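Contents: one structure, followed by commentary.
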Amino acid sequence: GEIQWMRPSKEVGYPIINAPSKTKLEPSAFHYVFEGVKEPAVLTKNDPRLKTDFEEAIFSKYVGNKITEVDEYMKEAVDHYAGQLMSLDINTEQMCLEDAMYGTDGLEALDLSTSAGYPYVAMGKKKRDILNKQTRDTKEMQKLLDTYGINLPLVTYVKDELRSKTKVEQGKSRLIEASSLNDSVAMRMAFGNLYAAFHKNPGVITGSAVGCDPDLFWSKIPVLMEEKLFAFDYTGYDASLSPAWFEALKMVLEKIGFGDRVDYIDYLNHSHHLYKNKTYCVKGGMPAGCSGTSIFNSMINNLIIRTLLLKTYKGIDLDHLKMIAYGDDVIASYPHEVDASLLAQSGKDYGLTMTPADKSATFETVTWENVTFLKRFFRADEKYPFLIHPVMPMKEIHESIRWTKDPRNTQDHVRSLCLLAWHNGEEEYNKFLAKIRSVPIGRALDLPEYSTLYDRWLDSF
Ligand code: NA
C-alpha cells in the first residue's frame, strides 16, 4: 500500500472530521494487583510521551507496492484455491438488504456500536437512528443509499488500545479506517452469502477460521493438519498488500460466481480517506481495523502461501497444503518439512515482510508443542486427551485486567478474561480468582469457579 497524495479535505470538497483525543482507558481496581507494562496508545500529536513525529509514525505502515501484475505463480495459486472453494457449493446469490442489515444464518447483524462513517459522522447521525432491531426496517437505510450512494471516503480513527512503552514513544499507534455504513451494507449484500459460508465452515477447505469458537474448534484443528507444521508472522500485513493481490482475489471471486461484483474489491484496493482536516488517496493496502475485511485478508493469505510455495518449491503438491488463516495470522502444514526462512525470502519479492513465528529471533521448527494460533497454544486435556484446550498465557490477561474503559462493564470484562484464563489449569486459575477477590471491586463480581467452567466445557461438545 502507498499513499498517492494527502492534503486539506477542504480542497477536495470534504469537511473536517472530529475524532476523540482522550483515551477511555484508565487504571482499574486491579492495576496494582497484577503485573503489566502496557499503556494507552498515543492518540494525538501533542502527547508528552512521544519521541518522534506522530503523523509520520502512524502512516509509515504504507511501505509501498513491490509488485504490479499477477504472475504465473499467483495465477496457479488462484486456480488451486478457487477450485478448492468450489467444493463448498457457495450460494452466489446476492443477499437481501434486510439480512445484510439485521443478520441471518451465518452472519451477525450490523454492530450498532461502531462508527457509521462518512457522511453520517459529520451529520451527527448515529446507526441507532437508522436501524431497528425489533422491526428490521430497511426503509430508512434504502433512502440513505439512494441519497448518498457508495464508494464514500473511509473515516480514519486512531485505535484506543494498550501498547508497549516502545510503541508508545515511537508513536506506533494502529489505525481504524471505517467504511461508511452505505458501503458496509452494499458489500454485505454483494458478499453476504460468501461470508456466511466461511463463518459456517471454518477449516482447511475455506482455509479460514473467521467466526470460529476456540473452545470447540481447537479439538478439530489437529486432525485437519498434515504431518509437518510451518508458520510465520507478518510485519504490517494489511498495509503491505500490493494491488496485484487484490487482482488475484478478484480472479478467485470471478471463478466462484461473484465475478458479478469484483468492482467492490477495487474500492478496497484504491481507496480515499478522511483524517482530521486532511484527505488522502491510497493505492493498495487493505482498509484496516474492521472485521468486514477479515474474510478477504484470509482469502488473500491463502493465495500468498500457495504462491510462495509454488515459487520456492516447484512440484509442491498444494492438495496437501493444509492451512487455516484468520487475517494475517496462520497455522499451516505439509507432509514434508519446509524452510520458513526461505519462504520469507521469496515473500520480500511479493511485498511481504515475514518473520519468525511468535517473535522468535530465528526461524525454528514449528511443533504442536510451541505453535500458537490467535495467541493460543494447543494442550490436550489431562483426563480426556481428545479434547484440546486453547491456552492463552496469563501475561496478556494480566495486562488487560489492569485497565478499564467503563466501570459499568467491569463484570463482563473480567468474566470474558476468566473464560480465557481457566484453560491454564486449576492451580493458575484459582490464584487468578484469589487476586481478583483481594480488592472490593473483585469481591463484588459474580465469577465462575474452575469445576464450573470445566463441566460447562465438557457439556459444550
Ligand atoms: Na487501499
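The first residue in the sequence is number 1, and the count goes up from there. The analysis underlying the following values was restricted to heavy atoms, covering all of them including side chains, and did not include hydrogens, waters or symmetry mates.
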For a quick test of reading the model, state the closest non-hydrogen atom pair linking [X] to [Y] and the distance between them.
| X | Y | answer |
| --- | --- | --- |
| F363 | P356 | CE2-N, 3.4 Å |
| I205 | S87 | CG2-OG, 3.6 Å |
| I221 | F373 | CD1-CD2, 4.2 Å |
| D317 | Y334 | N-OH, 3.0 Å |
| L274 | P153 | CG-CB, 3.7 Å |
| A325 | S298 | O-OG, 3.7 Å |

Mind checking the [atom1]-[atom2] spacing from [X] to [Y]? Nearest 0.5 Å is all I need.
| X | Y | atom1 | atom2 | value |
| --- | --- | --- | --- | --- |
| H389 | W218 | NE2 | CH2 | 13.5 Å |
| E364 | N370 | CD | CG | 9.0 Å |
| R306 | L310 | CZ | CG | 9.0 Å |
| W245 | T307 | CH2 | OG1 | 3.5 Å |
| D111 | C290 | CG | SG | 10.0 Å |
| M74 | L303 | CE | CG | 7.5 Å |

Salt bridge [X]-[Y], side-chain N to carboxylate O under 4.0 Å:
| X | Y | answer |
| --- | --- | --- |
| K250 | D266 | yes |
| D329 | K375 | no |
| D381 | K383 | no |
| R188 | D99 | no |
| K311 | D71 | no |
| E226 | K228 | no |
| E177 | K61 | yes |
| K283 | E2 | no |

Would you kindly say whether [X] and [Y] are connected by a side-chain donor-acceptor distance under 3.5 Å?
| X | Y | result |
| --- | --- | --- |
| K38 | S400 | no |
| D183 | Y264 | no |
| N201 | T206 | no |
| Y120 | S180 | no |
| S346 | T312 | yes |
| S60 | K172 | yes |
| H80 | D319 | yes |
| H320 | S333 | no |
| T355 | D233 | no |
| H423 | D215 | yes |

Any side-chain heavy-atom pair from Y81 and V78 closer than 4.5 angstrom?
no
Check whether any side-chain heavy atom of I331 sits under 4.5 Å from a side-chain heavy atom of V371, and report yes or no.
yes
So, the side chain of [X] versus the backbone of [Y]: is there a donor-acceptor pair under 3.5 Å, distance only?
| X | Y | value |
| --- | --- | --- |
| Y237 | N297 | yes |
| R415 | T410 | no |
| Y102 | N132 | yes |
| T104 | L107 | no |
| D160 | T23 | no |
| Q84 | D79 | no |
| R136 | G103 | yes |
| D238 | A288 | no |
| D129 | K126 | yes |
| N424 | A421 | yes |

Kindly check if the number of other-residue, nucleotide or ligand heavy atoms within 6.0 Å of [atom1] ([X]) is above 12?
| X | atom1 | value |
| --- | --- | --- |
| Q4 | CD | yes |
| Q411 | CD | yes |
| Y454 | OH | yes |
| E140 | CD | yes |
| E337 | CD | no |

Could you go step by step and tell me if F217 and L374 meet the side-chain contact (heavy atoms from CB on, under 4.5 Å) rule?
CA-CA 12 Å; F217 193 56; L374 316 176; over 6 Å; no
Before we go on, tell me: are the rings of [X] and [Y] under 6.0 Å apart, centre to centre?
| X | Y | result |
| --- | --- | --- |
| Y280 | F59 | yes |
| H272 | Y14 | yes |
| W422 | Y429 | no |
| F296 | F191 | yes |

Take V121 and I17 through the side-chain contact (heavy atoms from CB on, under 4.5 Å) test and state the conclusion after the steps.
CA-CA 8 Å; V121 59; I17 297 301; 4.0 Å; yes
After noting the C-alpha distance and the side-chain angles of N91 and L194, does the key distance pass the side-chain contact (heavy atoms from CB on, under 4.5 Å) rule?
CA-CA 7 Å; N91 185 354; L194 170 63; over 6 Å; no
side-chain hydrogen bond (donor to acceptor under 3.5 Å, both in side chains) evaluation trace for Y267 with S179
CA-CA 10 Å; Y267 155 84; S179 290; 2.8 Å; yes
Test side-chain contact (heavy atoms from CB on, under 4.5 Å) applied to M101 and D137, step by step
CA-CA 9 Å; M101 289 177 63; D137 175 61; over 6 Å; no
Check against salt bridge (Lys or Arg N to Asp or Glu O under 4.0 Å), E369 and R379
CA-CA 8 Å; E369 218 295 304; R379 291 293 184 280; 2.8 Å; yes
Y195 vs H199 aromatic rings, parallel, tilted or perpendicular, using cut-offs 30° and 60°?
tilted
Between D328, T353, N301, which is the residue that forms a side-chain hydrogen bond (donor to acceptor under 3.5 Å, both in side chains) with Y234?
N301
